[PDB]
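Below you will find one chain, with nothing else, as structure tokens; this is the form deposited in one PDB entry, and questions on how it binds or moves follow later.
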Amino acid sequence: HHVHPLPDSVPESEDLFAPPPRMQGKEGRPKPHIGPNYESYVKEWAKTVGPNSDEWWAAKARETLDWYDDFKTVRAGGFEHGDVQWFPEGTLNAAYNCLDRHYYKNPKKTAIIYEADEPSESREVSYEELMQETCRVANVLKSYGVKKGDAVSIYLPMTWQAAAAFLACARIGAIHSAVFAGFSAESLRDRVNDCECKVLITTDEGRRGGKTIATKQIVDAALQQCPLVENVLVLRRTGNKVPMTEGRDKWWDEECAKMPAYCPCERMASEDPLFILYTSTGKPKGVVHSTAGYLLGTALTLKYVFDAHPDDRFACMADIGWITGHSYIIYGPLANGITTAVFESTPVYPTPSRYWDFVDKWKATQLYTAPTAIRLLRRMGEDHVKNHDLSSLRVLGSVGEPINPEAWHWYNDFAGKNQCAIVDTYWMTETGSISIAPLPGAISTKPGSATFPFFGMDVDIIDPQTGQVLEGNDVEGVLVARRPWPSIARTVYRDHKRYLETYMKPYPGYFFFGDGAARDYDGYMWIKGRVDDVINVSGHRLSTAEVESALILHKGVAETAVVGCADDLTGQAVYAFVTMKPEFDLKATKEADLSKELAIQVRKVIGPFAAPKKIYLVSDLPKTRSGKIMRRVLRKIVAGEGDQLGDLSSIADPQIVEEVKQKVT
């Protein structure tokens, strides 16, 4: 076979995992929405793509959302000019669909499980309380002169009121722009200026993992260079003394106490912008999502990819500064009317048992996190997870990067006790909602495979050299989409040329994701890393996931990243950055001996061309807060270009860049 699965210690013939009994409607669990096999998925999926799928999408849109005005046209526009339209004549409001309609049905149902940084401070927030708080904030924003179409910046940590802030903007038709709490003043400034908001919402301080985030201090530094911001609303999260500017800055509780606890919903066109979300090369990229298609995509993917039922308690452990928090903490779960988790802490605070204490306390029915969190808990030891119950879980999700089969198995074995479906969800900020993922009651999974495209997604593999679609199976190339889908990003804010050039020009007629992909002999899709991260060794194309998956098969390896660099003989050579577990004895095992064994492991599993030319042992890797490993930073450092690096002040650990610069020289 030309296309191989990601390296695993399990043989292939024992590596196919059918939907487990918890996903078969047994042991009292709800029956899956799609099942019980691959054919039930394909039969439904075929209704959602092609020239006869308008019927299905119109019905789903009218069944799933409450509309003030019906639409006439299902879809229009396209990639070439970036004029994508879905349900254009309809009107609706996102806050109405996420709060009001559920509040009118069951006001005391829990909307948010607020898991505070200190576990003892956690509590449930009802739909009634969340709707009231949202309306008070919306009334405060209107009193500042915020109109429909105005942008509002949000610099809030993971406290439950962050959802009220998002939905207050949606309620009045303002465009929220959320920035990770803890981003530097410089990074915050650039995003506040780019979206041209006149109002910013923040906290006095944030609390994450027992550490204080000095959010109001950062905000004051940033706003000295933000001439459009006239009002700042400050939530008193810690009560520690912070500066407040007379006139400009007001306390959230004091402002909201002035306002009634209901606010009318602005009637939004389907294509009115809902939010701007800046990704984390050059200027910040503000990805713009509209209202109806985005909301529909998040609601349908939540329902089908995680098999959400009305009583479920959905635990997405990500941050609302990330698209994962937008779609699968706030918009998806609340549109469906279920309970969603807002997790304020880290996976290891107070201890690495935190995730599993949370699951057993609240009886979470789904858990959703990133491979970086999974690898972190994998390296912390089985004592923190082995003696928990965790049987309320039916589905475990992974998002943000390829999941190494080694990490996949740890997730499957300890979090799921081999009784949960594992959904590896591939998508991007620009896709709005999950693009490729197994439907858990239908798809038999392979460790590290996203499996099959979601409803409305018609994806292909293109040879990057020819620009032509590769038909059949056992093919590898770059991932593209043939047709628009409801939740696709509509533009890059005030930079539509960047939007067309990045996604629509490389392969005209297609959407270009920017990731390498392979379709194996069974038709399963494998997303093996960024196209920019592919290493070309003597004409052999190497993906980062396969080498990193091979490296982590060696004992004591916690996390790795591989990058290419120009080589005189092979064009490019592989350089590995390897993080061993801190307990690994670097004196008993020689670094030169460990590097040799790692290279042989890569050679044994992939081939002679894949063996790293050099291996660097580092204590950690440069990562974004969402958990993405910044291989571009490592690649430029290896190239001796530690000067041409972009904005690195808001990465997870800025100091690790210094350690990497040292170890290379």
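All residue numbers refer to positions in the sequence shown, first residue = 1. Think of the rigid core as the biggest set of C-alphas that the two forms share within 1.5 Å after superposition. Shifts are known only where both forms have a C-alpha.
In what follows, reference is made to the form deposited in another entry, a form of this protein that is not presented.
A.B. asks: Overlay on the rigid core first, then point out the one of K198, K250, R208, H540 whose CA is displaced 2 Å or more between the shown form and the other one.
C.D. replies: The one that moves 2 Å or more is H540.
A.B. asks: Honestly, after the rigid core fit, is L594 moving at least 2 Å at Cα between the shown form and the other one?
C.D. replies: It does shift by 2 Å or more.
A.B. asks: Any CA movement of 2 Å or more for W362 between the shown form and the other one, core superposed?
C.D. replies: Comparing forms between the shown form and the other one, the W362 CA shifts below 2 Å.
A.B. asks: Does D620 shift between the shown form and the other one by 2 angstroms or more at the C-alpha, the core having been superposed?
C.D. replies: For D620, whose C-alpha is compared between the shown form and the other one after core superposition, the shift is 2 Å or more.
A.B. asks: Once you compare with this form, do the C-alpha atoms of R530 and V49 lie closer or farther in that other deposited form, given a change of 3 Å or more?
C.D. replies: Relative to this form, farther apart in that other deposited form.
A.B. asks: Given a CA distance change of at least 3 Å, are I374 and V563 closer or farther in that other deposited form?
C.D. replies: Farther: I374 and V563 separate by 3 Å or more in that other deposited form.
A.B. asks: What parts move between the shown form and the other one when you lay the two on the core: runs of 3+ residues, each CA off by 2 Å or more?
C.D. replies: Segments displaced between the shown form and the other one after core fit: 5-15, 530-625, 628-644, 654-665.
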